[PDB]
Every structure is written in C-alpha cells, then in structure tokens.
Amino acid sequence: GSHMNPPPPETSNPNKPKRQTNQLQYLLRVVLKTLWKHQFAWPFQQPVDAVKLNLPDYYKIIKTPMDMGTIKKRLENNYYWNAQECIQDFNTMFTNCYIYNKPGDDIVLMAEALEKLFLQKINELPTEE
Ligand SMILES: CC(=O)N[C@@H](C)C(=O)NCC#CBr
C-alpha cells in the first residue's frame with residue numbers, strides 16, 4: 001500500500017444507483033469466471049503496483065487504470081447500473097496494456113489471449129431480459 005501508487009478505482013459508493021441485470025449476471029458468472037482462471041490472468045488480477053515493478057512512469061502514462069480485481073469487486077458488490085459500464089472497464093484494462101507496453105511484450109500476448117476469450121463471450125452476451 002505505497003503512497004506512490006494511486007488509490008484503486010472506486011468499488012463502493014452509496015451515491016451511485018445500482019441495478020442487477022441478467023447481462024451483469026452473465027458478466028460475473030461466465031465472462032469474469034472464464035478470464036479469471038486463465039493461465040495468463042495473474043498480471044491482471046489486481047491494480048498495477050508500479051512501485052513493486054519499478055515502473056514510476058506507469059501512472060504518468062495510464063490515467064484511467066483498471067484491472068480484473070477491481071472488476072470482480074464491482075460485479076460481486078454490484079456497483080454497476082448496466083453491462084456497458086462493465087464492458088467498458090474490461091476494454092479499458094486491455095487498451096491500457098496495449099498503450100503502455102511494447103507490441104512484442106509477454107504482457108501484451110497475455111492480454112491478447114484474454115481479450116480473444118472476452119470477445120467470444122461478449123458476442124454471446126444475452127438479450128437484456
Ligand atoms: C497490466 C500491465 O500492463 N502490467 C505491466 C505494467 C507489466 O507487468 N509490465 C510488463 C513489462 C516490463 Br517494462
């Protein structure tokens with residue numbers, strides 16, 4: 001919990017209206033479940049600890065951080081109003097990785113594997129019931 005890392009994204013706020021939808025249930029039970037247990041998930045399971053990794057420029061570059069630990073908390077503590085908000089958090093996580101890291105890099109190949117699974121699952125996101 002270094003003072004040099006920012007506070008994580010919000011996962012609890014009583015002022016924000018919340019709703020359970022069948023699409024948000026799918027995102028937790030199918031999408032997050034699938035990606036969390038992937039061999040390459042672990043770099044994405046918590047906020048980037050730029051101190052531990054000796055990357056002092058990370059939060060100079062990435063101004064909208066997101067990770068699957070935060071998404072999991074948001075889904076489990078239903079923070080979201082709709083599926084689009086959660087889909088945007090996944091998209092942000094992937095795009096941050098591709099912006100910060102070189103296209104060669106192991107971390108980018110890991111994110112691409114997770115994004116390929118993600119796209120397959122989101123194409124099947126159920127009709128809002
Ligand atoms: C989620 C994410 O982008 N993590 C990054 C910061 C990471 O682990 N870097 C790989 C390298 C070397 Br320089």
# chains A, B, ... in the order shown; residues from 1 in each chain; ligands from 1

$ residues_near_ligand --ligand "ligand 1" --cutoff "6 Å" --atoms "only C-alpha atoms and all ligand atoms" --output "list in words"
residues 43, 44, 48, 97 and 107 of chain A

$ closest_atom_pairs --of "segment 7-52 of chain A" --to "segment 115-125 of chain A" --cutoff "10 Å" --atoms "only C-alpha atoms" --output "JSON lines"
{"residue": "A:22", "atom": "CA", "partner": "A:125", "partner_atom": "CA", "distance": 9.3}
{"residue": "A:23", "atom": "CA", "partner": "A:125", "partner_atom": "CA", "distance": 6.5}
{"residue": "A:24", "atom": "CA", "partner": "A:125", "partner_atom": "CA", "distance": 9.3}
{"residue": "A:26", "atom": "CA", "partner": "A:125", "partner_atom": "CA", "distance": 7.0}
{"residue": "A:27", "atom": "CA", "partner": "A:125", "partner_atom": "CA", "distance": 7.9}
{"residue": "A:30", "atom": "CA", "partner": "A:121", "partner_atom": "CA", "distance": 7.6}
{"residue": "A:31", "atom": "CA", "partner": "A:121", "partner_atom": "CA", "distance": 6.1}
{"residue": "A:32", "atom": "CA", "partner": "A:118", "partner_atom": "CA", "distance": 8.6}
{"residue": "A:34", "atom": "CA", "partner": "A:117", "partner_atom": "CA", "distance": 7.8}
{"residue": "A:35", "atom": "CA", "partner": "A:117", "partner_atom": "CA", "distance": 7.2}
{"residue": "A:38", "atom": "CA", "partner": "A:117", "partner_atom": "CA", "distance": 9.4}

$ write_last_selection --atoms "N, CA, C and O atoms" --output "PDB file, in the first residue's frame"
ATOM      1  N   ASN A  22     -29.627  -9.306 -15.967  1.00  0.00           N
ATOM      2  CA  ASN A  22     -29.212 -10.614 -16.443  1.00  0.00           C
ATOM      3  C   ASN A  22     -27.868 -10.503 -17.184  1.00  0.00           C
ATOM      4  O   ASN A  22     -27.072 -11.434 -17.153  1.00  0.00           O
ATOM      5  N   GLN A  23     -27.623  -9.356 -17.857  1.00  0.00           N
ATOM      6  CA  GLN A  23     -26.354  -9.181 -18.549  1.00  0.00           C
ATOM      7  C   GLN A  23     -25.196  -9.039 -17.566  1.00  0.00           C
ATOM      8  O   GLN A  23     -24.142  -9.619 -17.808  1.00  0.00           O
ATOM      9  N   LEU A  24     -25.418  -8.307 -16.456  1.00  0.00           N
ATOM     10  CA  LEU A  24     -24.369  -8.217 -15.432  1.00  0.00           C
ATOM     11  C   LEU A  24     -24.131  -9.563 -14.761  1.00  0.00           C
ATOM     12  O   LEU A  24     -22.984  -9.903 -14.446  1.00  0.00           O
ATOM     13  N   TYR A  26     -24.388 -12.438 -16.268  1.00  0.00           N
ATOM     14  CA  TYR A  26     -23.592 -13.166 -17.232  1.00  0.00           C
ATOM     15  C   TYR A  26     -22.131 -12.708 -17.159  1.00  0.00           C
ATOM     16  O   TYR A  26     -21.204 -13.512 -17.276  1.00  0.00           O
ATOM     17  N   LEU A  27     -21.910 -11.400 -17.001  1.00  0.00           N
ATOM     18  CA  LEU A  27     -20.539 -10.921 -16.956  1.00  0.00           C
ATOM     19  C   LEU A  27     -19.789 -11.509 -15.773  1.00  0.00           C
ATOM     20  O   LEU A  27     -18.570 -11.692 -15.863  1.00  0.00           O
ATOM     21  N   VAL A  30     -20.052 -15.926 -16.220  1.00  0.00           N
ATOM     22  CA  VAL A  30     -19.479 -16.507 -17.423  1.00  0.00           C
ATOM     23  C   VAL A  30     -18.196 -15.774 -17.801  1.00  0.00           C
ATOM     24  O   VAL A  30     -17.156 -16.408 -17.980  1.00  0.00           O
ATOM     25  N   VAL A  31     -18.275 -14.442 -17.960  1.00  0.00           N
ATOM     26  CA  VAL A  31     -17.145 -13.738 -18.552  1.00  0.00           C
ATOM     27  C   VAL A  31     -15.984 -13.667 -17.557  1.00  0.00           C
ATOM     28  O   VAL A  31     -14.852 -14.091 -17.867  1.00  0.00           O
ATOM     29  N   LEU A  32     -16.240 -13.087 -16.373  1.00  0.00           N
ATOM     30  CA  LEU A  32     -15.191 -12.910 -15.382  1.00  0.00           C
ATOM     31  C   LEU A  32     -14.659 -14.264 -14.943  1.00  0.00           C
ATOM     32  O   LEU A  32     -13.444 -14.461 -14.916  1.00  0.00           O
ATOM     33  N   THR A  34     -14.464 -17.056 -16.663  1.00  0.00           N
ATOM     34  CA  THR A  34     -13.648 -17.603 -17.744  1.00  0.00           C
ATOM     35  C   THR A  34     -12.269 -16.941 -17.729  1.00  0.00           C
ATOM     36  O   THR A  34     -11.231 -17.590 -17.873  1.00  0.00           O
ATOM     37  N   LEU A  35     -12.235 -15.623 -17.548  1.00  0.00           N
ATOM     38  CA  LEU A  35     -10.961 -14.948 -17.751  1.00  0.00           C
ATOM     39  C   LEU A  35     -10.106 -15.109 -16.493  1.00  0.00           C
ATOM     40  O   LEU A  35      -8.873 -15.170 -16.611  1.00  0.00           O
ATOM     41  N   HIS A  38      -7.883 -18.191 -16.407  1.00  0.00           N
ATOM     42  CA  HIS A  38      -6.942 -18.370 -17.494  1.00  0.00           C
ATOM     43  C   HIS A  38      -5.497 -18.382 -16.978  1.00  0.00           C
ATOM     44  O   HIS A  38      -5.170 -17.658 -16.046  1.00  0.00           O
TER      45      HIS A  38
END

$ atom_distance --atom1 "atom CA of residue 91 of chain A" --atom2 "atom CA of residue 110 of chain A"
14.6 Å

$ residues_around --residues "segment 7-12 of chain A" --least-positions-apart "6" --cutoff "10 Å" --atoms "only C-alpha atoms" --output "VMD selection string"
chain A and resid 1 46 to 48 64 to 67 70 to 80
